[PDB]
Each structure stands twice: as structure tokens, then as C-alpha cells.
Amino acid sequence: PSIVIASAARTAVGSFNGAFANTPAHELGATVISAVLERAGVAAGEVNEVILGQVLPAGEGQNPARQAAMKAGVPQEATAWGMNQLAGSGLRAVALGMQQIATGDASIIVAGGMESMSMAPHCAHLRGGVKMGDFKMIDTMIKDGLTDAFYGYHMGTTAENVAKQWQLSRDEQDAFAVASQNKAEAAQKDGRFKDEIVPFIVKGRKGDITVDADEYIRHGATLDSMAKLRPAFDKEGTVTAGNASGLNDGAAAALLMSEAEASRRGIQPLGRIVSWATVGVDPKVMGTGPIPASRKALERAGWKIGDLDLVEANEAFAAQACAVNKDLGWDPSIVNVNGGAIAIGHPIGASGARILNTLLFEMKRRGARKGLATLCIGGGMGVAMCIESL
């Protein structure tokens, strides 16, 4: 069983309280699903199921994955469900949809992730009531999306654990965060984000606004701007607003069918899916996931690391990214070539569906036979997926 990605589409990544400040995630998910179908000329009524990862659904209504699907006119017959591997959420959904087809329980899947971090509420358990005293209204975005459940600290503190263990400096992490801005701003001028991006219409009261640009890419980054920042996590630390990724909005997807099914419908696929994998690492050093998780995908497929021609390794942080870059020892010239999540941004639940899209469209453009996407996960996991263009 060979399961292909016939099409792929992603919204631009927005900035926290930015383009998509008041846009429910499922609206963004609605546009990517319509966009994969439109691109593959498959009608929404041919879609068996919609699998969207999502970390931050509080307030958004029953099963926002279904809410996306219905708004893109996937009929009532089809099915939709969410899931959560935090930041591996959006790429694991592609694996799960891939698995729906190899097991012969669905014919055509649309799988990705969606994320409105801007729209995440504050919350508090108030059923028993609060007999007396102050309490905290909690930011679900931070609590459910960015804080470890086991130690109680921010994910910036787990990338910092990788900065002392691998001895990565404050200079070296500025040289990756600037080099991801530089690579990404080049990309954006060059139009290389055009193909993958499907524009989204933010419906306003005094005028619509079509968003087709990733707005968290700061233009023309020097080094002295990065190296004059103040650590956001430790107070004698090395991770900062500039070498860590952002908080973002965004949705992203891929359209799945068997390889036989694409070629019947006259569809030249972006890739085949050849393997994946998911492993666990010490939570304290959660950024290291992409290492064992790339290894096991690369073993399953039957590929080495030197084989690879193109790689996305989500830059949740600059500490974690460099560490996965070092241990695996692959050519860093082919890694995050149109930049990564520092510059682009990091919409948690969508982000793995993002870097899958960037790789598949850049793989097409440049002529790379073998790609790899990978994402470190909070709690200490890694996830990966080896691709092969036809």
C-alpha cells in the first residue's frame, strides 16, 4: 500500500493578535481543505474523512474539525475528527490519514492541522465555586500549549536545557535565528511561498482583507538586533524572543489517496509517503525528539541520512534546532532552505502540516527525490515522515 499526497495547501502564518486575530481556526481549516480539493480537482463529496490536529480548541464549539469540513462543503456523510500530539499534531494527522487508506477503511482523506493561538481564551474551573481568596484566570494557550505538565515550566526552558547539555552559545543561536530570517525573507521576495499558500479572506465590517503574506517574517534582519535582546526564560540565559519561534495562527493540509487512485484521476502527486515514526525522549529535553524520530522513519523507509536531498526541521527554538542539526549531521545547506518556524512562525497544531507543505512544493520546484519533515513535541516526543517525489 502506497499512499500519496495528491495536493497540498496552507494559509499564510499570521502573527499573534495579527492578521487572524479574530479568525476562528476552523475557518482557516475550511480554506485549506477547499484548496487541496480545488488543486487536485476532486469534489468535496468524494472526501471520506477530515483529520485536523488542533491543540487549542476551547470555546470553539463541538469538534471544530467537523466545523471546518462542513464550511468547505464536505458533505454531512463524511467524517471529521481532531487530535493532539502538541506540535507534531499537524504532521501526525497526515500519518493517521495515510493509515486510513492503507487499512482500506477510507479512499480519500484530507489531513493537516489548524491553530488559532490568538483566539485561545483564559479559563478557570469554577463549578465547586471559589469560597474565598484570589484565584488565577489561566491562559489556555500557555497552560495547554506551552507549559510542561511534569515540571511546570515553559518550553523555552526545555530548549535551554538543550543549550547547556550541547553547550550551544548565545552567539551560535543568533547565527541560526538571523539565518532563518534571511533565508525566509529571500524566499518571500522570490515568490517561493506563492504556490503553497492559499489566500484567506478575513471578513470585516468596514471591508474584507485578503491575506496572502506570512507576516511574522521580519524584513532585513541584522545580527545586532538579535544579540541585543534579553532572555525570556532564564535571567542568565540564552533563549530569547528572537532565537525562539513565535505564537501564531495558521492552517495547513494535504489531500491523500492511494497511488493507483491518483493516476486514475490524472493527478501528478507532490510525493509518496514511504515512512514515518514517533518516539519519546526525556521531557526536560523535548527538542531532541526530531533526532530519534528522524532515525526511525529513515530506518523504516530504508534510507540513510546522506541520501536526503531536502529537509524541514521545525525550528521551535534555535537551541533545539542546532542540536538536531549536529547529531544527525546532515548538510545544513538543505535544511530549512526557505527558512523555518523562527521566521515563518509556529502555529502549534498546524505547524507540522506547514513544513510538510513547504518541503513538498520546494521539492517539486528544485527536483529533490527524497524529503523529510520533523517536529519536536512538548512532553518529549519526536515525529517524522519520509517523502519521495515522483
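The first residue of the shown sequence is 1; numbering continues from there.
Across the two stretches, 296 to 304 and 251 to 259, the PDB entry reports the greater mean Cα temperature factor for 296 to 304. For the pair 62 to 70 and 46 to 54, the mean B factor over Cα atoms is greater in 46 to 54. In the PDB entry, the Cα temperature factor peaks, among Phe193, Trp166, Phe135, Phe200, at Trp166. Per the deposited coordinates, the residue with the largest Cα temperature factor out of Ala241, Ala319, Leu91, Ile209 is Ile209. Annotation for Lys183: CA B-factor lies in the middle third of the chain's modelled residues. Ranked by C-alpha B-factor against the other modelled residues of its chain, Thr23 falls in the highest third. Per the PDB record, residue ranking by Cα B-factor puts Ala8 in the lowest third of the chain. For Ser15, the recorded CA temperature factor ranks within the lowest third of the chain's modelled residues.
Remark: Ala213 belongs to the highest third of its chain, ranked by C-alpha B-factor as recorded.
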